[PDB]
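Remarks on the structure that follows.
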Ligand SMILES: Cc1cc(C(C)(C)C)c(O)c(C(C)(C)C)c1
(Lines of atoms letter the chains of each structure in order from A; the text may use other names.)
(Lines give C-alpha, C1' and ligand atoms only; values in the text may rest on other atoms or scores of the structure.)
Protein backbone atom coordinates (compact mmCIF):
# COMPACT_ATOMS: atom_id res chain seq x y z
CA UNK A 1 0.00 0.00 0.00
CA UNK A 2 2.44 2.73 1.11
CA UNK A 3 5.60 0.69 0.24
CA UNK A 4 6.55 2.33 -3.09
CA UNK A 5 6.72 5.74 -1.32
CA UNK A 6 9.38 4.54 1.16
CA UNK A 7 12.93 5.74 0.80
CA UNK A 8 15.01 8.88 0.34
CA UNK A 9 13.83 11.49 -2.15
CA UNK A 10 15.64 14.58 -3.42
CA UNK A 11 13.99 17.72 -4.80
CA UNK A 12 14.53 17.97 -8.61
CA UNK A 13 11.85 20.60 -9.64
CA UNK A 14 9.56 23.17 -8.03
CA UNK A 15 6.71 25.26 -9.42
CA UNK A 16 4.83 27.99 -7.55
CA UNK A 17 6.38 27.34 -4.07
CA UNK A 18 6.66 31.04 -3.44
CA UNK A 19 2.92 31.52 -4.20
CA UNK A 20 2.06 28.67 -1.74
CA UNK A 21 4.31 30.12 0.97
CA UNK A 22 2.90 33.62 0.42
CA UNK A 23 -0.66 32.24 0.77
CA UNK A 24 0.27 30.76 4.19
CA UNK A 25 1.77 34.19 5.25
CA UNK A 26 5.42 33.14 5.28
CA UNK A 27 7.71 36.25 5.44
CA UNK A 28 9.77 37.36 2.44
CA UNK A 29 13.19 36.48 3.92
CA UNK A 30 12.08 32.90 4.74
CA UNK A 31 10.49 32.47 1.28
CA UNK A 32 13.77 33.71 -0.27
CA UNK A 33 15.91 31.04 1.54
CA UNK A 34 13.27 28.36 0.94
CA UNK A 35 13.14 29.07 -2.83
CA UNK A 36 16.85 28.03 -3.09
CA UNK A 37 16.77 25.03 -0.69
CA UNK A 38 16.72 21.45 -2.21
CA UNK A 39 15.36 19.30 0.63
CA UNK A 40 15.65 15.58 1.11
CA UNK A 41 12.44 13.76 2.14
CA UNK A 42 12.82 10.40 3.91
CA UNK A 43 9.74 8.16 4.29
CA UNK A 44 10.07 5.09 6.56
CA UNK A 45 7.67 2.62 8.19
CA UNK A 46 7.72 0.45 11.27
CA UNK A 47 4.52 -1.55 11.31
CA UNK A 48 1.65 0.81 10.84
CA UNK A 49 3.68 3.89 11.90
CA UNK A 50 5.08 6.08 9.12
CA UNK A 51 7.81 8.65 9.70
CA UNK A 52 8.34 11.51 7.25
CA UNK A 53 11.53 13.56 7.59
CA UNK A 54 12.34 16.69 5.61
CA UNK A 55 16.03 17.70 5.81
CA UNK A 56 17.65 20.81 4.40
CA UNK A 57 20.27 23.44 5.06
CA UNK A 58 17.47 25.73 6.30
CA UNK A 59 14.84 23.81 8.30
CA UNK A 60 14.46 20.16 9.34
CA UNK A 61 11.09 18.59 10.21
CA UNK A 62 9.96 15.13 11.30
CA UNK A 63 6.48 13.69 11.84
CA UNK A 64 5.34 10.20 12.81
CA UNK A 65 1.75 9.04 12.33
CA UNK A 66 -0.61 6.17 11.68
CA UNK A 67 -2.61 6.38 8.41
CA UNK A 68 -6.12 7.51 9.10
CA UNK A 69 -5.48 8.72 12.65
CA UNK A 70 -5.37 12.46 13.45
CA UNK A 71 -2.19 13.88 14.97
CA UNK A 72 -1.00 17.26 16.18
CA UNK A 73 1.72 18.83 13.97
CA UNK A 74 3.82 21.98 14.09
CA UNK A 75 4.82 22.86 10.56
CA UNK A 76 8.16 24.23 9.21
CA UNK A 77 6.51 27.72 9.17
CA UNK A 78 5.34 27.29 12.84
CA UNK A 79 1.63 26.62 12.25
CA UNK A 80 0.03 24.42 14.93
CA UNK A 81 -2.33 22.20 12.95
CA UNK A 82 -4.51 19.10 13.20
CA UNK A 83 -3.27 16.62 10.59
CA UNK A 84 -4.34 13.33 9.04
CA UNK A 85 -2.60 11.28 6.33
CA UNK A 86 -4.41 8.65 4.33
CA UNK A 87 -4.05 6.64 1.10
CA UNK A 88 -6.57 7.75 -1.55
CA UNK A 89 -6.40 6.46 -5.14
CA UNK A 90 -2.85 5.29 -4.48
CA UNK A 91 -1.78 8.78 -3.37
CA UNK A 92 -0.58 9.75 0.13
CA UNK A 93 -2.89 12.66 1.09
CA UNK A 94 -1.85 14.83 4.06
CA UNK A 95 -4.58 17.31 5.25
CA UNK A 96 -3.68 20.07 7.75
CA UNK A 97 -6.49 22.15 9.52
CA UNK A 98 -6.08 25.16 11.71
CA UNK A 99 -8.30 28.24 12.43
CA UNK A 100 -10.86 27.00 9.87
CA UNK A 101 -8.20 26.90 7.16
CA UNK A 102 -7.02 23.77 5.30
CA UNK A 103 -4.03 22.80 3.18
CA UNK A 104 -3.40 19.54 1.40
CA UNK A 105 -0.07 17.92 0.60
CA UNK A 106 -0.66 15.13 -1.92
CA UNK A 107 2.11 12.73 -2.92
CA UNK A 108 1.77 10.55 -6.13
CA UNK A 109 4.29 8.23 -7.87
CA UNK A 110 4.55 8.72 -11.65
CA UNK A 111 7.25 7.16 -13.79
CA UNK A 112 9.28 6.46 -10.59
CA UNK A 113 9.24 10.14 -9.45
CA UNK A 114 7.38 11.43 -6.40
CA UNK A 115 5.13 14.43 -7.23
CA UNK A 116 4.05 16.56 -4.29
CA UNK A 117 1.12 18.91 -4.88
CA UNK A 118 0.56 21.58 -2.20
CA UNK A 119 -2.76 23.52 -2.20
CA UNK A 120 -3.78 26.40 0.05
CA UNK A 121 -6.40 28.92 -0.94
CA UNK A 122 -5.99 29.25 -4.69
CA UNK A 123 -2.22 28.53 -4.63
CA UNK A 124 -1.09 25.24 -6.13
CA UNK A 125 2.58 24.26 -5.93
CA UNK A 126 4.06 21.16 -7.63
CA UNK A 127 7.36 19.73 -6.36
CA UNK A 128 9.07 16.77 -8.02
CA UNK A 129 11.45 14.43 -6.24
CA UNK A 130 13.71 11.66 -7.46
CA UNK A 131 14.60 8.58 -5.34
CA UNK A 132 18.22 8.37 -3.90
CA UNK A 133 20.05 4.92 -3.95
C1 LIG B 1 9.16 28.07 5.12
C2 LIG B 1 8.99 26.69 4.78
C3 LIG B 1 7.63 26.20 4.68
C4 LIG B 1 7.46 24.85 4.35
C5 LIG B 1 6.02 24.25 4.21
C6 LIG B 1 5.03 25.37 4.30
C7 LIG B 1 5.83 23.28 3.08
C8 LIG B 1 5.71 23.51 5.47
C9 LIG B 1 8.70 24.09 4.16
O10 LIG B 1 8.50 22.76 3.83
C11 LIG B 1 10.02 24.62 4.23
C12 LIG B 1 11.26 23.71 3.94
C13 LIG B 1 11.08 23.15 2.50
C14 LIG B 1 12.64 24.46 3.95
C15 LIG B 1 11.35 22.52 4.92
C16 LIG B 1 10.17 25.98 4.57
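Looks like X-ray crystallography, 1.4 Å, at least that's what the header says.
Any Cβ shown, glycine's included, is placed from N, Cα and C.
Record features, source Swiss-Prot:
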BINDING   127, 128, 129  octadecanoate binding site
BINDING   127, 128, 129  hexadecanoate binding site
BINDING   127, 128, 129  (9Z)-octadecenoate binding site
MOD_RES   2  N-acetylvaline
MOD_RES   8  phosphothreonine
MOD_RES   20  phosphotyrosine
MOD_RES   23  phosphoserine
MOD_RES   30  phosphothreonine
MOD_RES   83  phosphoserine
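All features noted in Swiss-Prot, drawn onto the structure.
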residue : record                     : DSSP (3 states)
2       : N-acetylvaline             : coil
8       : phosphothreonine           : strand
20      : phosphotyrosine            : helix
30      : phosphothreonine           : helix
83      : phosphoserine              : strand
127     : octadecanoate binding site : strand
Nonlocal neighbours by CB distance (under 8 Å) for residue 128 (octadecanoate binding site), same chain, sequence gap 6 or more: 11, 12, 13, 14, 113, 114, 115, 116
Residue 23 (phosphoserine) versus residue 83 (phosphoserine) - Cα distance in angstrom: 19
In sequence order, those recorded positions of 23, 30, 127 whose CB lies under 6 Å from ligand 1: 30
Residue 8 (phosphothreonine) versus residue 20 (phosphotyrosine) - Cα distance in angstrom: 24
Densest Cβ neighbourhood among 2, 8, 23, 30, 127 (recorded positions), 10 Å radius: 127
Residues that sit under 8 angstroms from residue 129 (octadecanoate binding site) by C-beta distance, when 6+ apart in the chain: 9, 10, 11, 12, 41, 113, 114, 115, 116
C-alpha spacing of residue 127 (octadecanoate binding site) relative to the residue listed as 'N-acetylvaline', in angstrom: 19
Site with most surrounding Cβ atoms, counting all protein chains shown within 10 Å, from the modified residues 20, 83: 20
